[PDB]
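What follows is the content of upload.pdb, which has PDB, C-alpha atoms (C1' of nucleotides):
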ATOM      1  CA  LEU A 436     228.299  43.974 173.007  1.00  0.00           C
ATOM      2  CA  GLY A 437     226.115  44.727 176.117  1.00  0.00           C
ATOM      3  CA  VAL A 438     225.898  47.022 179.005  1.00  0.00           C
ATOM      4  CA  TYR A 439     224.164  46.151 182.178  1.00  0.00           C
ATOM      5  CA  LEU A 440     223.010  48.598 184.806  1.00  0.00           C
ATOM      6  CA  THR A 441     222.611  48.603 188.535  1.00  0.00           C
ATOM      7  CA  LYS A 442     219.645  48.535 190.991  1.00  0.00           C
ATOM      8  CA  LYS A 443     219.630  52.254 191.402  1.00  0.00           C
ATOM      9  CA  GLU A 444     219.668  52.795 187.676  1.00  0.00           C
ATOM     10  CA  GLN A 445     216.641  50.696 187.420  1.00  0.00           C
ATOM     11  CA  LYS A 446     214.619  52.637 189.957  1.00  0.00           C
ATOM     12  CA  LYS A 447     215.522  55.965 188.511  1.00  0.00           C
ATOM     13  CA  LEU A 448     214.621  54.718 185.042  1.00  0.00           C
ATOM     14  CA  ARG A 449     211.418  53.014 186.195  1.00  0.00           C
ATOM     15  CA  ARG A 450     210.194  56.083 188.139  1.00  0.00           C
ATOM     16  CA  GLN A 451     211.169  58.739 185.582  1.00  0.00           C
ATOM     17  CA  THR A 452     209.557  56.495 182.944  1.00  0.00           C
ATOM     18  CA  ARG A 453     206.344  56.122 184.997  1.00  0.00           C
ATOM     19  CA  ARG A 454     206.196  59.761 186.043  1.00  0.00           C
ATOM     20  CA  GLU A 455     206.182  61.147 182.531  1.00  0.00           C
ATOM     21  CA  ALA A 456     203.399  58.793 181.563  1.00  0.00           C
ATOM     22  CA  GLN A 457     201.010  59.444 184.459  1.00  0.00           C
ATOM     23  CA  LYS A 458     201.368  63.215 184.414  1.00  0.00           C
ATOM     24  CA  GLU A 459     200.758  63.249 180.683  1.00  0.00           C
ATOM     25  CA  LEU A 460     197.574  61.314 181.322  1.00  0.00           C
ATOM     26  CA  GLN A 461     196.671  63.786 184.058  1.00  0.00           C
ATOM     27  CA  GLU A 462     196.552  66.733 181.680  1.00  0.00           C
ATOM     28  CA  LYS A 463     194.462  64.721 179.249  1.00  0.00           C
ATOM     29  CA  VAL A 464     191.675  64.590 181.826  1.00  0.00           C
ATOM     30  CA  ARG A 465     192.077  68.307 182.562  1.00  0.00           C
ATOM     31  CA  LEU A 466     192.032  69.169 178.872  1.00  0.00           C
ATOM     32  CA  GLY A 467     189.053  66.848 178.459  1.00  0.00           C
ATOM     33  CA  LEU A 468     190.688  64.657 175.840  1.00  0.00           C
ATOM     34  CA  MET A 469     189.965  61.643 177.984  1.00  0.00           C
ATOM     35  CA  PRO A 470     186.773  60.894 179.872  1.00  0.00           C
ATOM     36  CA  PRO A 471     187.576  61.430 183.534  1.00  0.00           C
ATOM     37  CA  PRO A 472     188.487  58.276 185.421  1.00  0.00           C
TER
ATOM     38  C1'   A B   1     205.169  24.413 159.732  1.00  0.00           C
ATOM     39  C1'   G B   2     204.144  24.006 165.163  1.00  0.00           C
ATOM     40  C1'   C B   3     206.541  23.577 170.537  1.00  0.00           C
ATOM     41  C1'   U B   4     210.024  24.897 174.514  1.00  0.00           C
ATOM     42  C1'   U B   5     213.544  28.178 177.653  1.00  0.00           C
ATOM     43  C1'   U B   6     216.185  33.303 179.180  1.00  0.00           C
ATOM     44  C1'   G B   7     216.438  39.047 179.519  1.00  0.00           C
ATOM     45  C1'   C B   8     213.751  43.743 178.780  1.00  0.00           C
ATOM     46  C1'   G B   9     209.409  46.811 177.736  1.00  0.00           C
ATOM     47  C1'   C B  10     203.814  47.587 177.927  1.00  0.00           C
ATOM     48  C1'   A B  11     199.038  45.640 180.330  1.00  0.00           C
ATOM     49  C1'   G B  12     194.959  42.482 183.121  1.00  0.00           C
ATOM     50  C1'   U B  13     194.376  38.935 187.535  1.00  0.00           C
ATOM     51  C1'   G B  14     196.011  37.010 193.119  1.00  0.00           C
ATOM     52  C1'   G B  15     198.698  37.315 197.718  1.00  0.00           C
ATOM     53  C1'   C B  16     202.372  39.523 201.215  1.00  0.00           C
ATOM     54  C1'   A B  17     204.002  44.070 204.853  1.00  0.00           C
ATOM     55  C1'   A B  18     208.369  47.756 205.148  1.00  0.00           C
ATOM     56  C1'   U B  19     209.239  50.307 200.055  1.00  0.00           C
ATOM     57  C1'   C B  20     211.372  54.198 197.382  1.00  0.00           C
ATOM     58  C1'   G B  21     215.185  57.725 196.416  1.00  0.00           C
ATOM     59  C1'   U B  22     220.411  59.703 197.112  1.00  0.00           C
ATOM     60  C1'   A B  23     225.353  65.627 192.830  1.00  0.00           C
ATOM     61  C1'   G B  24     227.029  61.754 200.378  1.00  0.00           C
ATOM     62  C1'   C B  25     230.553  57.855 201.512  1.00  0.00           C
ATOM     63  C1'   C B  26     232.813  52.631 201.193  1.00  0.00           C
ATOM     64  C1'   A B  27     232.932  48.367 197.743  1.00  0.00           C
ATOM     65  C1'   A B  28     236.223  42.226 193.116  1.00  0.00           C
ATOM     66  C1'   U B  29     242.507  47.401 193.947  1.00  0.00           C
ATOM     67  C1'   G B  30     236.976  42.775 198.165  1.00  0.00           C
ATOM     68  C1'   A B  31     231.378  45.783 200.748  1.00  0.00           C
ATOM     69  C1'   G B  32     229.751  42.193 205.157  1.00  0.00           C
ATOM     70  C1'   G B  33     230.894  37.689 208.233  1.00  0.00           C
ATOM     71  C1'   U B  34     227.742  33.892 215.215  1.00  0.00           C
ATOM     72  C1'   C B  35     229.276  28.817 212.737  1.00  0.00           C
ATOM     73  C1'   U B  36     234.360  25.222 208.975  1.00  0.00           C
ATOM     74  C1'   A B  37     239.068  30.713 208.699  1.00  0.00           C
ATOM     75  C1'   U B  38     244.668  28.016 203.053  1.00  0.00           C
ATOM     76  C1'   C B  39     236.594  29.492 204.607  1.00  0.00           C
ATOM     77  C1'   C B  40     231.959  32.128 202.592  1.00  0.00           C
ATOM     78  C1'   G B  41     230.480  35.770 198.450  1.00  0.00           C
ATOM     79  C1'   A B  42     227.510  41.633 196.610  1.00  0.00           C
ATOM     80  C1'   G B  43     225.576  45.399 198.439  1.00  0.00           C
ATOM     81  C1'   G B  44     226.332  48.236 203.108  1.00  0.00           C
ATOM     82  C1'   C B  45     226.172  52.833 205.806  1.00  0.00           C
ATOM     83  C1'   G B  46     223.944  57.865 206.618  1.00  0.00           C
ATOM     84  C1'   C B  47     219.735  60.913 205.374  1.00  0.00           C
ATOM     85  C1'   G B  48     214.601  61.951 203.725  1.00  0.00           C
ATOM     86  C1'   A B  49     209.628  60.574 202.068  1.00  0.00           C
ATOM     87  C1'   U B  50     205.006  54.516 202.294  1.00  0.00           C
ATOM     88  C1'   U B  51     203.948  58.753 196.919  1.00  0.00           C
ATOM     89  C1'   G B  52     199.488  60.984 194.866  1.00  0.00           C
ATOM     90  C1'   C B  53     193.940  60.439 195.202  1.00  0.00           C
ATOM     91  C1'   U B  54     188.259  59.916 196.067  1.00  0.00           C
ATOM     92  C1'   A B  55     183.685  59.620 199.357  1.00  0.00           C
ATOM     93  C1'   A B  56     183.239  63.768 200.155  1.00  0.00           C
ATOM     94  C1'   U B  57     180.622  65.341 204.942  1.00  0.00           C
ATOM     95  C1'   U B  58     179.874  68.237 209.473  1.00  0.00           C
ATOM     96  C1'   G B  59     179.473  72.471 212.942  1.00  0.00           C
ATOM     97  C1'   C B  60     139.285  76.787 194.454  1.00  0.00           C
ATOM     98  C1'   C B  61     134.487  72.336 192.631  1.00  0.00           C
ATOM     99  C1'   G B  62     127.540  71.742 194.456  1.00  0.00           C
ATOM    100  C1'   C B  63     122.466  72.619 197.052  1.00  0.00           C
ATOM    101  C1'   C B  64     118.850  75.385 200.025  1.00  0.00           C
ATOM    102  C1'   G B  65     117.195  79.858 202.489  1.00  0.00           C
ATOM    103  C1'   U B  66     116.941  85.676 202.849  1.00  0.00           C
ATOM    104  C1'   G B  67     117.690  90.859 200.649  1.00  0.00           C
ATOM    105  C1'   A B  68     117.591  93.402 196.230  1.00  0.00           C
ATOM    106  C1'   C B  69     118.676  95.018 190.524  1.00  0.00           C
ATOM    107  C1'   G B  70     117.432  94.012 185.427  1.00  0.00           C
ATOM    108  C1'   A B  71     114.158  91.314 181.729  1.00  0.00           C
ATOM    109  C1'   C B  72     109.428  88.732 180.233  1.00  0.00           C
ATOM    110  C1'   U B  73     104.230  87.133 180.916  1.00  0.00           C
ATOM    111  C1'   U B  74      99.230  90.351 183.354  1.00  0.00           C
ATOM    112  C1'   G B  75      95.637  93.615 186.744  1.00  0.00           C
ATOM    113  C1'   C B  76      99.345  98.297 189.082  1.00  0.00           C
ATOM    114  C1'   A B  77      98.566 102.016 196.178  1.00  0.00           C
ATOM    115  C1'   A B  78     101.518 108.317 192.701  1.00  0.00           C
ATOM    116  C1'   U B  79     104.455 102.514 195.950  1.00  0.00           C
ATOM    117  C1'   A B  80     108.606  97.331 193.297  1.00  0.00           C
ATOM    118  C1'   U B  81     107.435  91.554 192.467  1.00  0.00           C
ATOM    119  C1'   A B  82     100.984  87.842 190.923  1.00  0.00           C
ATOM    120  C1'   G B  83     104.452  84.016 188.249  1.00  0.00           C
ATOM    121  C1'   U B  84     109.582  82.690 185.379  1.00  0.00           C
ATOM    122  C1'   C B  85     115.220  83.679 184.041  1.00  0.00           C
ATOM    123  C1'   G B  86     120.336  86.141 184.836  1.00  0.00           C
ATOM    124  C1'   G B  87     123.824  87.458 188.791  1.00  0.00           C
ATOM    125  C1'   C B  88     125.701  89.966 193.527  1.00  0.00           C
ATOM    126  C1'   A B  89     125.547  90.163 199.582  1.00  0.00           C
ATOM    127  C1'   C B  90     125.470  86.605 204.412  1.00  0.00           C
ATOM    128  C1'   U B  91     133.452  83.748 209.783  1.00  0.00           C
ATOM    129  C1'   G B  92     124.162  80.893 206.985  1.00  0.00           C
ATOM    130  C1'   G B  93     123.601  75.237 206.910  1.00  0.00           C
ATOM    131  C1'   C B  94     125.294  70.352 204.775  1.00  0.00           C
ATOM    132  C1'   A B  95     126.723  64.223 205.407  1.00  0.00           C
ATOM    133  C1'   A B  96     124.292  56.719 209.905  1.00  0.00           C
ATOM    134  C1'   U B  97     119.302  52.406 203.600  1.00  0.00           C
ATOM    135  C1'   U B  98     116.952  53.670 198.036  1.00  0.00           C
ATOM    136  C1'   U B  99     120.046  54.971 193.215  1.00  0.00           C
ATOM    137  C1'   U B 100     128.220  58.410 192.293  1.00  0.00           C
ATOM    138  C1'   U B 101     131.420  59.833 197.217  1.00  0.00           C
ATOM    139  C1'   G B 102     130.240  54.127 202.904  1.00  0.00           C
ATOM    140  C1'   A B 103     130.274  48.035 203.778  1.00  0.00           C
ATOM    141  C1'   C B 104     133.628  42.473 205.213  1.00  0.00           C
ATOM    142  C1'   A B 105     135.033  36.063 205.944  1.00  0.00           C
ATOM    143  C1'   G B 106     133.339  31.102 204.199  1.00  0.00           C
ATOM    144  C1'   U B 107     129.810  26.705 202.709  1.00  0.00           C
ATOM    145  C1'   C B 108     125.875  24.539 199.833  1.00  0.00           C
ATOM    146  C1'   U B 109     121.670  24.251 196.379  1.00  0.00           C
ATOM    147  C1'   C B 110     118.710  25.474 191.946  1.00  0.00           C
ATOM    148  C1'   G B 111     120.771  34.894 187.952  1.00  0.00           C
ATOM    149  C1'   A B 112     118.456  33.595 192.735  1.00  0.00           C
ATOM    150  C1'   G B 113     117.957  31.340 197.593  1.00  0.00           C
ATOM    151  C1'   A B 114     119.636  29.085 202.518  1.00  0.00           C
ATOM    152  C1'   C B 115     123.275  28.811 206.352  1.00  0.00           C
ATOM    153  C1'   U B 116     127.772  29.122 209.091  1.00  0.00           C
ATOM    154  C1'   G B 117     131.713  33.992 213.221  1.00  0.00           C
TER
END
Before anything else, please render the file you have as structure tokens.
Amino acid sequence: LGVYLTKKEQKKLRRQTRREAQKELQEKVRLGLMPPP
RNA sequence: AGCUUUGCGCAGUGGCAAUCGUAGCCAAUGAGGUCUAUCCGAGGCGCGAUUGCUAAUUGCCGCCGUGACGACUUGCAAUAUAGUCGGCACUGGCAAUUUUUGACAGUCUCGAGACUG
């Protein structure tokens, strides 16, 4: 059994997926975990 | 035991300039139709931000000459140099052949010599 989802549920998922990742990386450079880009 | 094809997720590489989102609405109970209408087939409207940055940037080393102190070598004007060494004083002097602060271009001949701008 499978659910599909619409265009607007792709954006929201793609953006809220991307946002969490980049901001988490942002702190890593602040905290000095990661050499600064 | 390899190969192919579809969807999603995570990355690297190339190109394009309108994208993205909606606690708002309408929409297979049919959104939208200039074309063929007993036809087509899925988003449209309204609103707001391409979204964060990076590049940052600007208003103390030599000689000679003179004076004199001390010391040594010898006769002392009661009186200081007869000669040598040590150092101080002088907006003193110093730079066109011999040797450490000054000359280049090329040819030929037997380290040297001759010539050619």
request  = With a cut-off of 10 Å and counting all atoms listed in the file, select all residues of chain A in contact with chain B and give the selection as a ChimeraX atom specification.
outcome  = /A:443,446-447,450
inquiry  = As a check of understanding, name the residues that the PyMOL selection byres ((chain B and resi 105) around 12) selects in the supplied structure, as a list in words.
reply    = residues 104, 106, 107, 116 and 117 of chain B
ask   = For the file shown, what are the residues hit by the PyMOL selection byres ((chain B and resi 44-57) around 10), laid out as a ChimeraX atom specification?
value = /B:18-22,24-27,31-32,42-43,58
ask   = How many Å lie between CA of residue 439 (chain A) and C1' of residue 8 (chain B), rounded to one decimal?
value =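 One can read the CA of residue 439 (chain A) to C1' of residue 8 (chain B) distance as 11.2 Å.
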Residue members of the PyMOL selection byres ((chain B and resi 69) around 12) in the file shown, as a PDB file with C-alpha atoms (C1' of nucleotides), in the coordinates of the input:
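part-v9.pdb written:
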ATOM      1  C1'   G B  67     117.690  90.859 200.649  1.00  0.00           C
ATOM      2  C1'   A B  68     117.591  93.402 196.230  1.00  0.00           C
ATOM      3  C1'   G B  70     117.432  94.012 185.427  1.00  0.00           C
ATOM      4  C1'   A B  71     114.158  91.314 181.729  1.00  0.00           C
ATOM      5  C1'   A B  80     108.606  97.331 193.297  1.00  0.00           C
ATOM      6  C1'   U B  81     107.435  91.554 192.467  1.00  0.00           C
ATOM      7  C1'   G B  86     120.336  86.141 184.836  1.00  0.00           C
ATOM      8  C1'   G B  87     123.824  87.458 188.791  1.00  0.00           C
ATOM      9  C1'   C B  88     125.701  89.966 193.527  1.00  0.00           C
TER      10        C B  88
END
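You will find CA of residue 460 (chain A) at 27.1 Å from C1' of residue 14 (chain B).
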request  = Quick one: pull the distance between CA of residue 453 (chain A) and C1' of residue 10 (chain B), Å, one decimal.
outcome  =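 Those two atoms sit 11.4 Å apart.
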task = Compare B:4, B:78, B:9, B:63 by their minimum atom-to-atom distance to residue 448 (chain A), counting all atoms listed in the file, and give me the closest one.
result =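 Ranked by minimum distance to residue 448 (chain A), first place goes to B:9.
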message = When you look at residue 471 (chain A) with a cut-off of 12 Å (counting only C-alpha atoms (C1' of nucleotides)), what residues show up, excluding the ones that are within fewer than 6 positions of it in the same chain? I need them as a PyMOL selection string.
response = chain A and resi 460-465
How would chain B of the given structure read as a file with C-alpha atoms (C1' of nucleotides), as a PDB file, in the first residue's frame?
ATOM      1  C1'   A B   1      27.135 -15.038 -11.460  1.00  0.00           C
ATOM      2  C1'   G B   2      26.942 -10.397 -14.483  1.00  0.00           C
ATOM      3  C1'   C B   3      23.441  -6.633 -17.380  1.00  0.00           C
ATOM      4  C1'   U B   4      19.050  -3.473 -18.033  1.00  0.00           C
ATOM      5  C1'   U B   5      14.642  -0.093 -16.565  1.00  0.00           C
ATOM      6  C1'   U B   6      11.290   3.015 -12.734  1.00  0.00           C
ATOM      7  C1'   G B   7      10.470   5.986  -7.868  1.00  0.00           C
ATOM      8  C1'   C B   8      12.836   8.248  -3.498  1.00  0.00           C
ATOM      9  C1'   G B   9      17.018   9.870  -0.460  1.00  0.00           C
ATOM     10  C1'   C B  10      22.337  11.740  -0.066  1.00  0.00           C
ATOM     11  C1'   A B  11      26.600  13.983  -3.097  1.00  0.00           C
ATOM     12  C1'   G B  12      30.202  15.808  -7.349  1.00  0.00           C
ATOM     13  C1'   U B  13      30.081  17.983 -12.608  1.00  0.00           C
ATOM     14  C1'   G B  14      27.403  21.392 -16.940  1.00  0.00           C
ATOM     15  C1'   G B  15      23.733  24.783 -18.809  1.00  0.00           C
ATOM     16  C1'   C B  16      19.188  27.915 -18.447  1.00  0.00           C
ATOM     17  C1'   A B  17      16.391  32.774 -16.179  1.00  0.00           C
ATOM     18  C1'   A B  18      11.767  33.740 -12.950  1.00  0.00           C
ATOM     19  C1'   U B  19      11.849  30.446  -8.223  1.00  0.00           C
ATOM     20  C1'   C B  20      10.044  29.537  -3.453  1.00  0.00           C
ATOM     21  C1'   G B  21       6.255  29.494   0.228  1.00  0.00           C
ATOM     22  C1'   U B  22       0.856  29.778   1.800  1.00  0.00           C
ATOM     23  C1'   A B  23      -3.489  27.809   9.222  1.00  0.00           C
ATOM     24  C1'   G B  24      -6.481  31.936   2.237  1.00  0.00           C
ATOM     25  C1'   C B  25      -9.817  30.189  -1.599  1.00  0.00           C
ATOM     26  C1'   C B  26     -11.485  26.883  -5.934  1.00  0.00           C
ATOM     27  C1'   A B  27     -10.452  21.900  -7.986  1.00  0.00           C
ATOM     28  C1'   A B  28     -12.070  14.268 -10.998  1.00  0.00           C
ATOM     29  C1'   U B  29     -18.805  15.941  -6.661  1.00  0.00           C
ATOM     30  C1'   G B  30     -13.987  18.619 -12.939  1.00  0.00           C
ATOM     31  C1'   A B  31      -9.398  23.577 -11.753  1.00  0.00           C
ATOM     32  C1'   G B  32      -8.501  25.977 -17.083  1.00  0.00           C
ATOM     33  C1'   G B  33      -9.912  26.152 -22.471  1.00  0.00           C
ATOM     34  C1'   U B  34      -8.098  30.992 -29.281  1.00  0.00           C
ATOM     35  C1'   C B  35      -8.588  26.106 -32.465  1.00  0.00           C
ATOM     36  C1'   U B  36     -12.361  19.992 -33.609  1.00  0.00           C
ATOM     37  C1'   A B  37     -17.344  21.258 -28.515  1.00  0.00           C
ATOM     38  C1'   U B  38     -21.272  13.858 -27.944  1.00  0.00           C
ATOM     39  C1'   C B  39     -13.915  17.806 -27.684  1.00  0.00           C
ATOM     40  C1'   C B  40      -9.192  18.471 -24.563  1.00  0.00           C
ATOM     41  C1'   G B  41      -7.139  17.065 -19.423  1.00  0.00           C
ATOM     42  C1'   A B  42      -4.351  19.021 -13.509  1.00  0.00           C
ATOM     43  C1'   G B  43      -3.214  22.829 -11.169  1.00  0.00           C
ATOM     44  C1'   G B  44      -5.246  27.950 -10.925  1.00  0.00           C
ATOM     45  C1'   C B  45      -6.098  32.466  -8.221  1.00  0.00           C
ATOM     46  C1'   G B  46      -4.556  36.090  -4.292  1.00  0.00           C
ATOM     47  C1'   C B  47      -0.456  37.502  -1.169  1.00  0.00           C
ATOM     48  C1'   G B  48       4.808  37.831   0.361  1.00  0.00           C
ATOM     49  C1'   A B  49      10.126  36.962  -0.211  1.00  0.00           C
ATOM     50  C1'   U B  50      15.087  35.363  -5.774  1.00  0.00           C
ATOM     51  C1'   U B  51      16.957  33.097   0.497  1.00  0.00           C
ATOM     52  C1'   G B  52      21.554  33.494   3.290  1.00  0.00           C
ATOM     53  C1'   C B  53      26.909  34.844   2.459  1.00  0.00           C
ATOM     54  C1'   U B  54      32.272  36.684   1.388  1.00  0.00           C
ATOM     55  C1'   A B  55      35.995  40.416  -0.621  1.00  0.00           C
ATOM     56  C1'   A B  56      35.888  43.180   2.602  1.00  0.00           C
ATOM     57  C1'   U B  57      37.212  48.604   1.568  1.00  0.00           C
ATOM     58  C1'   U B  58      36.665  53.997   1.879  1.00  0.00           C
ATOM     59  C1'   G B  59      35.905  59.048   3.885  1.00  0.00           C
ATOM     60  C1'   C B  60      78.695  55.092  15.235  1.00  0.00           C
ATOM     61  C1'   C B  61      84.149  52.571  12.063  1.00  0.00           C
ATOM     62  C1'   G B  62      90.530  55.490  10.421  1.00  0.00           C
ATOM     63  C1'   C B  63      94.793  59.317   9.756  1.00  0.00           C
ATOM     64  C1'   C B  64      97.391  64.017  10.609  1.00  0.00           C
ATOM     65  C1'   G B  65      98.054  68.633  13.268  1.00  0.00           C
ATOM     66  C1'   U B  66      97.714  71.778  18.170  1.00  0.00           C
ATOM     67  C1'   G B  67      97.033  72.216  23.793  1.00  0.00           C
ATOM     68  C1'   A B  68      97.904  69.720  28.153  1.00  0.00           C
ATOM     69  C1'   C B  69      97.997  65.410  32.367  1.00  0.00           C
ATOM     70  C1'   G B  70     100.440  60.918  33.915  1.00  0.00           C
ATOM     71  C1'   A B  71     104.685  57.286  33.236  1.00  0.00           C
ATOM     72  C1'   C B  72     109.837  55.918  31.541  1.00  0.00           C
ATOM     73  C1'   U B  73     114.866  56.974  29.634  1.00  0.00           C
ATOM     74  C1'   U B  74     118.889  61.768  31.094  1.00  0.00           C
ATOM     75  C1'   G B  75     121.328  67.053  32.182  1.00  0.00           C
ATOM     76  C1'   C B  76     116.796  70.380  35.269  1.00  0.00           C
ATOM     77  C1'   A B  77     115.630  78.341  35.055  1.00  0.00           C
ATOM     78  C1'   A B  78     113.002  77.707  42.349  1.00  0.00           C
ATOM     79  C1'   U B  79     109.923  76.979  35.803  1.00  0.00           C
ATOM     80  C1'   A B  80     106.943  71.266  32.700  1.00  0.00           C
ATOM     81  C1'   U B  81     108.769  68.084  28.013  1.00  0.00           C
ATOM     82  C1'   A B  82     115.698  66.547  25.295  1.00  0.00           C
ATOM     83  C1'   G B  83     113.268  61.630  23.364  1.00  0.00           C
ATOM     84  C1'   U B  84     109.052  57.344  23.772  1.00  0.00           C
ATOM     85  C1'   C B  85     103.797  55.338  25.479  1.00  0.00           C
ATOM     86  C1'   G B  86      98.439  55.963  27.420  1.00  0.00           C
ATOM     87  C1'   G B  87      94.048  59.101  26.775  1.00  0.00           C
ATOM     88  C1'   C B  88      90.942  63.855  26.738  1.00  0.00           C
ATOM     89  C1'   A B  89      89.710  69.103  23.971  1.00  0.00           C
ATOM     90  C1'   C B  90      89.004  71.504  18.519  1.00  0.00           C
ATOM     91  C1'   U B  91      80.296  72.770  13.693  1.00  0.00           C
ATOM     92  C1'   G B  92      90.190  71.262  12.234  1.00  0.00           C
ATOM     93  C1'   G B  93      91.241  68.630   7.307  1.00  0.00           C
ATOM     94  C1'   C B  94      90.505  64.085   4.130  1.00  0.00           C
ATOM     95  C1'   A B  95      89.507  61.349  -1.485  1.00  0.00           C
ATOM     96  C1'   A B  96      91.504  62.146 -10.307  1.00  0.00           C
ATOM     97  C1'   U B  97      98.142  55.949 -11.194  1.00  0.00           C
ATOM     98  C1'   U B  98     101.567  52.412  -7.473  1.00  0.00           C
ATOM     99  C1'   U B  99      99.538  48.219  -3.895  1.00  0.00           C
ATOM    100  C1'   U B 100      91.516  47.128  -0.161  1.00  0.00           C
ATOM    101  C1'   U B 101      87.177  51.205  -1.193  1.00  0.00           C
ATOM    102  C1'   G B 102      87.535  53.568  -8.977  1.00  0.00           C
ATOM    103  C1'   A B 103      87.834  51.387 -14.724  1.00  0.00           C
ATOM    104  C1'   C B 104      84.738  49.140 -20.166  1.00  0.00           C
ATOM    105  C1'   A B 105      83.767  46.359 -26.075  1.00  0.00           C
ATOM    106  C1'   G B 106      86.235  42.918 -29.624  1.00  0.00           C
ATOM    107  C1'   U B 107      90.377  40.401 -32.868  1.00  0.00           C
ATOM    108  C1'   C B 108      95.031  37.876 -33.502  1.00  0.00           C
ATOM    109  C1'   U B 109      99.915  35.824 -32.225  1.00  0.00           C
ATOM    110  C1'   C B 110     103.681  33.369 -29.109  1.00  0.00           C
ATOM    111  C1'   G B 111     101.763  34.002 -18.870  1.00  0.00           C
ATOM    112  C1'   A B 112     103.045  37.978 -22.401  1.00  0.00           C
ATOM    113  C1'   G B 113     102.630  41.126 -26.744  1.00  0.00           C
ATOM    114  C1'   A B 114     100.086  43.809 -31.043  1.00  0.00           C
ATOM    115  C1'   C B 115      95.715  46.049 -33.016  1.00  0.00           C
ATOM    116  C1'   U B 116      90.706  47.438 -33.917  1.00  0.00           C
ATOM    117  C1'   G B 117      85.529  52.314 -31.525  1.00  0.00           C
TER     118        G B 117
END
